[PDB]
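Q: I am sharing structure-v2.cif, which consists of mmCIF, C-alpha atoms and all ligand atoms:
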```cif
data_coords
loop_
_atom_site.group_PDB
_atom_site.id
_atom_site.type_symbol
_atom_site.label_atom_id
_atom_site.label_comp_id
_atom_site.auth_asym_id
_atom_site.auth_seq_id
_atom_site.Cartn_x
_atom_site.Cartn_y
_atom_site.Cartn_z
ATOM 1 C CA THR A 29 -5.006 7.941 -15.420
ATOM 2 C CA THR A 30 -2.867 5.166 -13.968
ATOM 3 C CA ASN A 31 -3.644 1.579 -14.896
ATOM 4 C CA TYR A 32 -0.963 -0.346 -13.013
ATOM 5 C CA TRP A 33 0.038 -1.182 -9.427
ATOM 6 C CA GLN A 34 3.504 -2.496 -8.569
ATOM 7 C CA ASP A 35 4.297 -4.038 -5.202
ATOM 8 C CA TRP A 36 7.680 -5.786 -5.428
ATOM 9 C CA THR A 37 9.932 -6.629 -2.499
ATOM 10 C CA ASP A 38 12.811 -9.040 -2.103
ATOM 11 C CA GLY A 39 11.111 -10.191 1.122
ATOM 12 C CA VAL A 40 13.843 -8.967 3.486
ATOM 13 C CA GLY A 41 12.392 -7.062 6.413
ATOM 14 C CA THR A 42 8.860 -5.722 6.462
ATOM 15 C CA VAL A 43 7.324 -3.752 3.581
ATOM 16 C CA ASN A 44 3.590 -2.978 3.869
ATOM 17 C CA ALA A 45 2.247 -1.514 0.608
ATOM 18 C CA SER A 46 -1.353 -0.371 0.020
ATOM 19 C CA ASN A 47 -3.137 -0.158 -3.340
ATOM 20 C CA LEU A 48 -5.432 2.775 -2.558
ATOM 21 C CA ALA A 49 -8.084 4.418 -4.733
ATOM 22 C CA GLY A 50 -7.174 5.850 -8.116
ATOM 23 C CA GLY A 51 -3.533 6.731 -8.513
ATOM 24 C CA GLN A 52 -2.790 6.753 -4.767
ATOM 25 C CA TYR A 53 -0.621 4.334 -2.826
ATOM 26 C CA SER A 54 1.175 4.165 0.472
ATOM 27 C CA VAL A 55 4.054 2.110 1.796
ATOM 28 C CA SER A 56 5.552 1.722 5.257
ATOM 29 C CA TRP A 57 8.761 -0.252 5.709
ATOM 30 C CA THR A 58 11.071 -1.390 8.525
ATOM 31 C CA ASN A 59 14.626 -2.670 7.947
ATOM 32 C CA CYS A 60 13.927 -3.577 4.330
ATOM 33 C CA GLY A 61 16.267 -5.187 1.852
ATOM 34 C CA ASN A 62 15.193 -3.787 -1.518
ATOM 35 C CA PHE A 63 11.668 -2.994 -2.653
ATOM 36 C CA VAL A 64 10.059 -1.091 -5.516
ATOM 37 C CA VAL A 65 6.438 -0.004 -4.979
ATOM 38 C CA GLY A 66 4.379 2.416 -7.005
ATOM 39 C CA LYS A 67 1.680 3.300 -9.491
ATOM 40 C CA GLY A 68 1.729 4.143 -13.159
ATOM 41 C CA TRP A 69 1.284 2.325 -16.454
ATOM 42 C CA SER A 70 1.896 -1.252 -17.519
ATOM 43 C CA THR A 71 3.393 -0.045 -20.833
ATOM 44 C CA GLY A 72 5.691 2.949 -20.622
ATOM 45 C CA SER A 73 5.777 5.728 -23.198
ATOM 46 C CA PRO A 74 8.720 8.028 -24.043
ATOM 47 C CA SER A 75 6.242 10.906 -24.412
ATOM 48 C CA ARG A 76 4.199 10.494 -21.225
ATOM 49 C CA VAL A 77 3.750 13.540 -19.009
ATOM 50 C CA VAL A 78 3.549 12.223 -15.446
ATOM 51 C CA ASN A 79 2.152 14.095 -12.460
ATOM 52 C CA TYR A 80 2.321 13.187 -8.793
ATOM 53 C CA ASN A 81 1.917 14.613 -5.321
ATOM 54 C CA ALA A 82 3.848 12.901 -2.521
ATOM 55 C CA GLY A 83 1.695 13.482 0.530
ATOM 56 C CA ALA A 84 4.628 12.013 2.450
ATOM 57 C CA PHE A 85 8.099 10.757 1.574
ATOM 58 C CA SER A 86 10.073 10.195 4.776
ATOM 59 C CA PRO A 87 12.841 7.631 4.345
ATOM 60 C CA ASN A 88 14.929 6.895 7.415
ATOM 61 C CA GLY A 89 18.101 6.072 5.534
ATOM 62 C CA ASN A 90 18.241 5.165 1.855
ATOM 63 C CA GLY A 91 15.085 5.570 -0.215
ATOM 64 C CA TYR A 92 14.230 7.122 -3.594
ATOM 65 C CA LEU A 93 11.156 8.722 -5.139
ATOM 66 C CA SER A 94 11.451 8.470 -8.911
ATOM 67 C CA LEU A 95 9.839 8.023 -12.249
ATOM 68 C CA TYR A 96 11.001 4.459 -12.795
ATOM 69 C CA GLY A 97 10.659 1.823 -15.472
ATOM 70 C CA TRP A 98 12.147 -0.707 -17.852
ATOM 71 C CA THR A 99 12.689 -1.377 -21.523
ATOM 72 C CA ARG A 100 13.812 -4.557 -23.222
ATOM 73 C CA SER A 101 15.877 -4.969 -26.408
ATOM 74 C CA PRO A 102 18.175 -3.908 -24.838
ATOM 75 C CA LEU A 103 17.387 -4.308 -21.147
ATOM 76 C CA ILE A 104 17.481 -0.885 -19.497
ATOM 77 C CA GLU A 105 16.390 0.205 -16.020
ATOM 78 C CA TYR A 106 15.755 3.956 -15.926
ATOM 79 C CA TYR A 107 15.132 6.554 -13.230
ATOM 80 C CA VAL A 108 14.160 10.186 -12.969
ATOM 81 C CA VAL A 109 14.927 10.769 -9.268
ATOM 82 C CA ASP A 110 13.173 13.741 -7.654
ATOM 83 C CA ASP A 111 13.776 12.897 -3.977
ATOM 84 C CA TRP A 112 15.998 10.687 -1.853
ATOM 85 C CA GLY A 113 16.910 10.102 1.767
ATOM 86 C CA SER A 114 20.431 9.674 3.119
ATOM 87 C CA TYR A 115 22.014 8.620 -0.202
ATOM 88 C CA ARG A 116 21.976 10.446 -3.548
ATOM 89 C CA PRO A 117 22.346 7.894 -6.372
ATOM 90 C CA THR A 118 25.042 8.485 -8.987
ATOM 91 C CA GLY A 119 26.928 6.751 -11.781
ATOM 92 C CA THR A 120 29.136 7.840 -14.668
ATOM 93 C CA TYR A 121 28.387 11.485 -15.465
ATOM 94 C CA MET A 122 27.045 12.318 -18.952
ATOM 95 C CA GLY A 123 25.627 15.836 -18.666
ATOM 96 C CA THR A 124 22.590 17.679 -17.327
ATOM 97 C CA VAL A 125 18.957 18.183 -18.279
ATOM 98 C CA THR A 126 16.713 21.001 -17.034
ATOM 99 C CA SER A 127 13.045 20.043 -16.846
ATOM 100 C CA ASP A 128 9.994 20.943 -14.770
ATOM 101 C CA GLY A 129 11.869 23.540 -12.742
ATOM 102 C CA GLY A 130 14.794 21.333 -11.731
ATOM 103 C CA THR A 131 18.248 20.542 -13.043
ATOM 104 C CA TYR A 132 19.190 16.866 -13.183
ATOM 105 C CA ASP A 133 22.575 15.193 -13.484
ATOM 106 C CA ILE A 134 22.571 12.424 -16.102
ATOM 107 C CA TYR A 135 24.390 9.159 -15.325
ATOM 108 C CA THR A 136 24.906 5.707 -16.817
ATOM 109 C CA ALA A 137 25.839 2.496 -15.047
ATOM 110 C CA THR A 138 26.261 -1.198 -15.802
ATOM 111 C CA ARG A 139 24.627 -3.764 -13.495
ATOM 112 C CA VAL A 140 26.413 -7.126 -13.904
ATOM 113 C CA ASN A 141 24.335 -10.307 -13.341
ATOM 114 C CA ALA A 142 21.926 -8.424 -11.102
ATOM 115 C CA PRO A 143 18.167 -8.632 -10.383
ATOM 116 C CA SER A 144 15.910 -7.366 -13.173
ATOM 117 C CA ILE A 145 12.383 -7.687 -14.570
ATOM 118 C CA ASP A 146 13.732 -10.755 -16.398
ATOM 119 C CA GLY A 147 15.618 -12.290 -13.475
ATOM 120 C CA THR A 148 19.397 -12.264 -13.147
ATOM 121 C CA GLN A 149 20.741 -10.269 -16.096
ATOM 122 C CA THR A 150 23.471 -7.864 -17.091
ATOM 123 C CA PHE A 151 21.787 -4.570 -17.978
ATOM 124 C CA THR A 152 22.250 -0.807 -18.086
ATOM 125 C CA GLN A 153 20.816 1.973 -15.941
ATOM 126 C CA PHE A 154 19.926 5.425 -17.271
ATOM 127 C CA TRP A 155 19.639 8.033 -14.507
ATOM 128 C CA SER A 156 18.412 11.586 -14.244
ATOM 129 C CA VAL A 157 19.030 12.645 -10.618
ATOM 130 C CA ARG A 158 17.825 16.041 -9.400
ATOM 131 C CA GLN A 159 20.652 18.231 -8.136
ATOM 132 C CA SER A 160 18.591 19.094 -5.055
ATOM 133 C CA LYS A 161 15.590 17.365 -3.509
ATOM 134 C CA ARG A 162 12.282 18.431 -5.034
ATOM 135 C CA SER A 163 9.549 19.784 -2.783
ATOM 136 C CA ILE A 164 7.283 17.186 -1.133
ATOM 137 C CA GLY A 165 3.529 17.652 -0.854
ATOM 138 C CA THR A 166 3.273 19.664 -4.089
ATOM 139 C CA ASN A 167 1.818 18.775 -7.485
ATOM 140 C CA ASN A 168 4.969 17.821 -9.411
ATOM 141 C CA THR A 169 5.239 17.136 -13.142
ATOM 142 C CA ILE A 170 7.881 15.011 -14.856
ATOM 143 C CA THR A 171 7.928 15.710 -18.584
ATOM 144 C CA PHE A 172 9.553 12.388 -19.439
ATOM 145 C CA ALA A 173 10.158 13.297 -23.088
ATOM 146 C CA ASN A 174 12.692 15.916 -21.935
ATOM 147 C CA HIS A 175 14.678 13.198 -20.162
ATOM 148 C CA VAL A 176 14.352 10.709 -23.040
ATOM 149 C CA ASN A 177 15.592 13.339 -25.481
ATOM 150 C CA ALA A 178 18.426 14.490 -23.231
ATOM 151 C CA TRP A 179 19.463 10.857 -22.797
ATOM 152 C CA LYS A 180 19.322 10.326 -26.591
ATOM 153 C CA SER A 181 21.812 13.144 -27.098
ATOM 154 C CA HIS A 182 24.355 11.165 -25.019
ATOM 155 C CA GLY A 183 23.788 7.858 -26.844
ATOM 156 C CA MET A 184 21.477 6.702 -24.033
ATOM 157 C CA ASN A 185 18.852 5.172 -26.319
ATOM 158 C CA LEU A 186 16.054 3.210 -24.676
ATOM 159 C CA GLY A 187 15.059 -0.260 -25.824
ATOM 160 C CA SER A 188 12.367 -0.934 -28.391
ATOM 161 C CA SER A 189 10.044 -2.941 -26.104
ATOM 162 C CA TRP A 190 8.456 -0.998 -23.233
ATOM 163 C CA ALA A 191 7.601 -2.510 -19.861
ATOM 164 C CA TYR A 192 6.046 -0.757 -16.861
ATOM 165 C CA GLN A 193 6.524 2.909 -15.951
ATOM 166 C CA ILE A 194 5.666 4.120 -12.433
ATOM 167 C CA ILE A 195 6.232 6.796 -9.834
ATOM 168 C CA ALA A 196 8.149 4.484 -7.516
ATOM 169 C CA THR A 197 9.148 4.498 -3.874
ATOM 170 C CA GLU A 198 12.328 2.396 -3.576
ATOM 171 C CA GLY A 199 14.128 1.539 -0.343
ATOM 172 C CA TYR A 200 17.500 -0.059 0.366
ATOM 173 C CA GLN A 201 18.429 -1.353 3.828
ATOM 174 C CA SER A 202 16.306 1.331 5.447
ATOM 175 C CA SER A 203 13.002 2.173 7.106
ATOM 176 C CA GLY A 204 10.433 4.747 6.121
ATOM 177 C CA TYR A 205 6.974 5.833 5.056
ATOM 178 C CA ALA A 206 5.593 7.256 1.825
ATOM 179 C CA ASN A 207 2.190 8.214 0.455
ATOM 180 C CA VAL A 208 1.968 9.252 -3.199
ATOM 181 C CA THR A 209 -0.787 10.068 -5.703
ATOM 182 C CA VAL A 210 -0.023 9.626 -9.426
ATOM 183 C CA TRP A 211 -1.868 10.785 -12.550
HETATM 184 O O1 LIG B 301 10.253 -5.353 -11.415
HETATM 185 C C1 LIG B 301 11.178 -5.687 -10.348
HETATM 186 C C2 LIG B 301 12.239 -4.647 -10.262
HETATM 187 O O2 LIG B 301 11.674 -3.393 -9.870
HETATM 188 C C3 LIG B 301 13.288 -5.011 -9.220
HETATM 189 O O3 LIG B 301 14.247 -4.056 -9.265
HETATM 190 O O4 LIG B 301 13.903 -6.354 -9.488
HETATM 191 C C4 LIG B 301 12.864 -7.404 -9.617
HETATM 192 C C5 LIG B 301 11.783 -7.031 -10.638
HETATM 193 O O5 LIG B 301 10.764 -8.043 -10.665
#
```
As structure tokens, please, write out the structure in this file.
Ligand SMILES: O[C@@H]1[C@@H](O)[C@H](O)OC[C@H]1O
A:
Amino acid sequence: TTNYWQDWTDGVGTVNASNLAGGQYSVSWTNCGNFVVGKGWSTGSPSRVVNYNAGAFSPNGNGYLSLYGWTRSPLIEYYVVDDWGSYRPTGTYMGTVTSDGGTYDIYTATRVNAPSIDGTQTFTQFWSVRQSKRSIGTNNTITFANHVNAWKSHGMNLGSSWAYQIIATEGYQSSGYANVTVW
């Protein structure tokens, strides 16, 4: 079961996040800047099988619902995006991976002197982005090892030191509401 609760915001606008029982959380936001809220594990694993059910995911504008986490050595921010609002995230196309009933586009990107778990840093993003939005309100599995191993085939090797790993609601200059249960 989950062991970790993340409630990060850059403090712009209003983000109200609730650490509910077990693997459940909710977040309501109005005119946010950037925030990343969710539940999962304080140390990620490349072989974790993650399940969630988004009781609600209703961004008004830009928001993502993703498996989300970080490695160090080197510093990598990674995403498996199952749902989004007005904006589908993309980067430099690498290929596709088919997992858990969906097909995902694989992307890389460089973030130059940008916010990170270690402050301002230059780092890399690894993305799997579903080609269509996954159903909301259903029990959804992300078999993360499929993504890790697809990424590996494109030279997208994760770092050797694992930080947190969560099913994250992320907003950017938007408003919305989400309620998610993770296990
Ligand atoms: O963990 C946080 C990360 O999610 C955010 O993107 O930038 C600041 C970090 O503290």
Q: Write out as number ranges by chain each polymer residue whose atoms come within 9 Å of segment 194-203 of chain A, counting only C-alpha atoms; drop sequence neighbours fewer than 5 positions from it.
A: A: 30, 32-34, 40-43, 55-70, 72, 78-80, 85-97, 208-210
Q: On this structure, the PyMOL selection byres (((chain A and resi 164) around 9) and not hetatm) would catch which residues? List them as a list in words, sorted by chain and number.
A: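 Checking the PyMOL selection byres (((chain A and resi 164) around 9) and not hetatm) against this file, the residues are residues 81, 82, 83, 84, 85, 111, 161, 162, 163, 165, 166, 167 and 168 of chain A.
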Q: Take the selection from the previous step and output its residues with C-alpha atoms, as a PDB file, keeping the file's coordinate frame.
A:
```pdb
ATOM      1  CA  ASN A  81       1.917  14.613  -5.321  1.00  0.00           C
ATOM      2  CA  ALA A  82       3.848  12.901  -2.521  1.00  0.00           C
ATOM      3  CA  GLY A  83       1.695  13.482   0.530  1.00  0.00           C
ATOM      4  CA  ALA A  84       4.628  12.013   2.450  1.00  0.00           C
ATOM      5  CA  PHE A  85       8.099  10.757   1.574  1.00  0.00           C
ATOM      6  CA  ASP A 111      13.776  12.897  -3.977  1.00  0.00           C
ATOM      7  CA  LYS A 161      15.590  17.365  -3.509  1.00  0.00           C
ATOM      8  CA  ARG A 162      12.282  18.431  -5.034  1.00  0.00           C
ATOM      9  CA  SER A 163       9.549  19.784  -2.783  1.00  0.00           C
ATOM     10  CA  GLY A 165       3.529  17.652  -0.854  1.00  0.00           C
ATOM     11  CA  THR A 166       3.273  19.664  -4.089  1.00  0.00           C
ATOM     12  CA  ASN A 167       1.818  18.775  -7.485  1.00  0.00           C
ATOM     13  CA  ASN A 168       4.969  17.821  -9.411  1.00  0.00           C
TER      14      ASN A 168
END
```
Q: Could you tell me how far atom CA of residue 114 of chain A lies from atom CA of residue 138 of chain A, in Å and to one decimal?
A: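 Value for the atom CA of residue 114 of chain A-atom CA of residue 138 of chain A distance: 22.6 Å.
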Q: Give the residue list for ligand LIG 301 (chain B) at 6 Å, counting only C-alpha atoms and all ligand atoms, as a compact mmCIF listing (two decimals) with C-alpha atoms, in the frame of the given file, sorted by chain and then by residue number.
A:
```txt
# COMPACT_ATOMS: atom_id res chain seq x y z
CA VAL A 64 10.06 -1.09 -5.52
CA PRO A 143 18.17 -8.63 -10.38
CA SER A 144 15.91 -7.37 -13.17
CA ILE A 145 12.38 -7.69 -14.57
```
Q: Carefully work through the PyMOL selection byres (((chain A and resi 178-181) around 10) and not hetatm) for this structure and note down the residues it includes, as a PyMOL selection string.
A: chain A and resi 122-126+134-136+154-156+172-177+182-186
Q: Hey, can you check how far atom CA of residue 139 of chain A sits from atom CA of residue 44 of chain A?
A: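 Spanning atom CA of residue 139 of chain A to atom CA of residue 44 of chain A is a straight-line distance of 27.3 Å.
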Q: Separation of atom CA of residue 106 of chain A and atom CA of residue 190 of chain A, in Å?
A: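 Atom CA of residue 190 of chain A lies 11.5 Å from atom CA of residue 106 of chain A.
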Q: Any chance you could work out the axis-aligned box around segment 95-101 of chain A, listed atoms only, 6 Å on each side, giving centre and edge lengths in Å to one decimal, as JSON?
A:
```
{"center_x": 12.9, "center_y": 1.5, "center_z": -19.3, "size_x": 18.0, "size_y": 25.0, "size_z": 26.2}
```
Q: Measuring atom to atom with all atoms listed in the file, identify which of A:170, A:73, A:148, A:142 is nearest to residue 109 of chain A.
A: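 Using all atoms listed in the file, residue 109 of chain A sits closest to A:170.
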Q: Nearest to residue 100 of chain A among A:169, A:46, A:31, A:150, with distances taken over all atoms listed in the file: which residue is it?
A: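 Using all atoms listed in the file, residue 100 of chain A sits closest to A:150.
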Q: Given the block above, output segment 127-165 of chain A with N, CA and C atoms as an mmCIF file, in the first residue's frame.
A:
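Saved the output as decode.cif:
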```
data_model
loop_
_atom_site.group_PDB
_atom_site.id
_atom_site.type_symbol
_atom_site.label_atom_id
_atom_site.label_comp_id
_atom_site.auth_asym_id
_atom_site.auth_seq_id
_atom_site.Cartn_x
_atom_site.Cartn_y
_atom_site.Cartn_z
ATOM 1 N N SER A 127 0.696 -0.681 -23.074
ATOM 2 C CA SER A 127 0.661 -1.241 -21.734
ATOM 3 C C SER A 127 -0.701 -0.974 -21.118
ATOM 4 N N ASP A 128 -1.216 -1.964 -20.395
ATOM 5 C CA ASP A 128 -2.449 -1.802 -19.627
ATOM 6 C C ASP A 128 -3.583 -1.271 -20.504
ATOM 7 N N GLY A 129 -3.670 -1.778 -21.731
ATOM 8 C CA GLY A 129 -4.787 -1.438 -22.589
ATOM 9 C C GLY A 129 -4.676 -0.126 -23.328
ATOM 10 N N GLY A 130 -3.587 0.625 -23.156
ATOM 11 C CA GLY A 130 -3.418 1.869 -23.870
ATOM 12 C C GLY A 130 -2.109 1.886 -24.636
ATOM 13 N N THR A 131 -2.062 2.731 -25.657
ATOM 14 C CA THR A 131 -0.825 3.009 -26.371
ATOM 15 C C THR A 131 -0.342 4.404 -26.014
ATOM 16 N N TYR A 132 0.940 4.498 -25.682
ATOM 17 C CA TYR A 132 1.562 5.720 -25.198
ATOM 18 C C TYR A 132 2.646 6.155 -26.169
ATOM 19 N N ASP A 133 2.674 7.444 -26.484
ATOM 20 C CA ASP A 133 3.817 8.044 -27.162
ATOM 21 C C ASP A 133 4.926 8.289 -26.147
ATOM 22 N N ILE A 134 6.157 8.004 -26.544
ATOM 23 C CA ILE A 134 7.329 8.205 -25.691
ATOM 24 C C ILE A 134 8.038 9.475 -26.136
ATOM 25 N N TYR A 135 8.376 10.347 -25.176
ATOM 26 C CA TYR A 135 9.076 11.592 -25.472
ATOM 27 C C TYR A 135 10.214 11.822 -24.489
ATOM 28 N N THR A 136 11.241 12.539 -24.944
ATOM 29 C CA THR A 136 12.250 13.126 -24.068
ATOM 30 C C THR A 136 12.192 14.650 -24.138
ATOM 31 N N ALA A 137 12.737 15.287 -23.103
ATOM 32 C CA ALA A 137 12.902 16.732 -23.125
ATOM 33 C C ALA A 137 14.005 17.123 -22.151
ATOM 34 N N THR A 138 14.657 18.246 -22.434
ATOM 35 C CA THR A 138 15.603 18.849 -21.507
ATOM 36 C C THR A 138 14.947 20.054 -20.847
ATOM 37 N N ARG A 139 15.065 20.139 -19.522
ATOM 38 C CA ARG A 139 14.637 21.295 -18.739
ATOM 39 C C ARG A 139 15.889 22.008 -18.241
ATOM 40 N N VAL A 140 16.112 23.241 -18.712
ATOM 41 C CA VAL A 140 17.346 23.985 -18.448
ATOM 42 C C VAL A 140 17.124 24.910 -17.252
ATOM 43 N N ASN A 141 17.947 24.745 -16.215
ATOM 44 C CA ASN A 141 17.915 25.548 -14.986
ATOM 45 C C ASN A 141 16.484 25.815 -14.527
ATOM 46 N N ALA A 142 15.790 24.726 -14.233
ATOM 47 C CA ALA A 142 14.366 24.716 -13.947
ATOM 48 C C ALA A 142 14.119 24.100 -12.574
ATOM 49 N N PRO A 143 12.925 24.283 -11.997
ATOM 50 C CA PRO A 143 12.665 23.728 -10.657
ATOM 51 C C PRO A 143 12.672 22.204 -10.646
ATOM 52 N N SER A 144 13.237 21.641 -9.577
ATOM 53 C CA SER A 144 13.404 20.197 -9.446
ATOM 54 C C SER A 144 13.365 19.818 -7.967
ATOM 55 N N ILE A 145 13.424 18.508 -7.689
ATOM 56 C CA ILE A 145 13.485 18.048 -6.305
ATOM 57 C C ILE A 145 14.722 18.572 -5.604
ATOM 58 N N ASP A 146 15.746 18.960 -6.363
ATOM 59 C CA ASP A 146 16.994 19.469 -5.811
ATOM 60 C C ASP A 146 17.180 20.957 -6.104
ATOM 61 N N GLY A 147 16.080 21.696 -6.244
ATOM 62 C CA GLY A 147 16.171 23.104 -6.564
ATOM 63 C C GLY A 147 16.388 23.325 -8.051
ATOM 64 N N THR A 148 16.881 24.521 -8.381
ATOM 65 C CA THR A 148 17.163 24.879 -9.766
ATOM 66 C C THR A 148 18.255 23.985 -10.333
ATOM 67 N N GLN A 149 17.920 23.244 -11.390
ATOM 68 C CA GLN A 149 18.836 22.281 -11.988
ATOM 69 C C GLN A 149 18.508 22.147 -13.466
ATOM 70 N N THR A 150 19.496 21.703 -14.235
ATOM 71 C CA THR A 150 19.235 21.227 -15.587
ATOM 72 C C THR A 150 19.045 19.716 -15.519
ATOM 73 N N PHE A 151 17.920 19.230 -16.047
ATOM 74 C CA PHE A 151 17.603 17.808 -15.935
ATOM 75 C C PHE A 151 16.821 17.368 -17.168
ATOM 76 N N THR A 152 16.505 16.078 -17.212
ATOM 77 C CA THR A 152 15.831 15.474 -18.343
ATOM 78 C C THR A 152 14.465 14.972 -17.904
ATOM 79 N N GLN A 153 13.499 15.035 -18.810
ATOM 80 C CA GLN A 153 12.202 14.405 -18.609
ATOM 81 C C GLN A 153 12.079 13.189 -19.516
ATOM 82 N N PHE A 154 11.548 12.102 -18.957
ATOM 83 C CA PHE A 154 11.094 10.937 -19.715
ATOM 84 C C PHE A 154 9.577 10.907 -19.638
ATOM 85 N N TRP A 155 8.911 10.849 -20.788
ATOM 86 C CA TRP A 155 7.458 10.851 -20.853
ATOM 87 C C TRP A 155 6.957 9.595 -21.552
ATOM 88 N N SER A 156 5.938 8.955 -20.974
ATOM 89 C CA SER A 156 4.947 8.178 -21.718
ATOM 90 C C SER A 156 3.621 8.923 -21.630
ATOM 91 N N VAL A 157 3.029 9.276 -22.772
ATOM 92 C CA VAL A 157 1.770 10.028 -22.786
ATOM 93 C C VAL A 157 0.733 9.226 -23.564
ATOM 94 N N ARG A 158 -0.375 8.879 -22.910
ATOM 95 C CA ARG A 158 -1.392 8.069 -23.580
ATOM 96 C C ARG A 158 -1.885 8.777 -24.841
ATOM 97 N N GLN A 159 -2.177 7.994 -25.887
ATOM 98 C CA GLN A 159 -2.601 8.619 -27.133
ATOM 99 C C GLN A 159 -4.031 9.134 -27.054
ATOM 100 N N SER A 160 -4.844 8.570 -26.167
ATOM 101 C CA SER A 160 -6.143 9.129 -25.836
ATOM 102 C C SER A 160 -6.313 9.066 -24.323
ATOM 103 N N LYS A 161 -7.210 9.899 -23.807
ATOM 104 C CA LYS A 161 -7.421 9.975 -22.367
ATOM 105 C C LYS A 161 -8.003 8.670 -21.842
ATOM 106 N N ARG A 162 -7.413 8.150 -20.771
ATOM 107 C CA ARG A 162 -7.908 6.930 -20.155
ATOM 108 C C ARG A 162 -9.228 7.199 -19.433
ATOM 109 N N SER A 163 -10.026 6.148 -19.263
ATOM 110 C CA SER A 163 -11.291 6.317 -18.558
ATOM 111 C C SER A 163 -11.060 6.743 -17.109
ATOM 112 N N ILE A 164 -11.956 7.596 -16.612
ATOM 113 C CA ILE A 164 -11.940 8.103 -15.243
ATOM 114 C C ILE A 164 -13.030 7.395 -14.451
ATOM 115 N N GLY A 165 -12.744 7.114 -13.183
ATOM 116 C CA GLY A 165 -13.657 6.400 -12.321
ATOM 117 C C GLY A 165 -13.526 4.897 -12.362
#
```
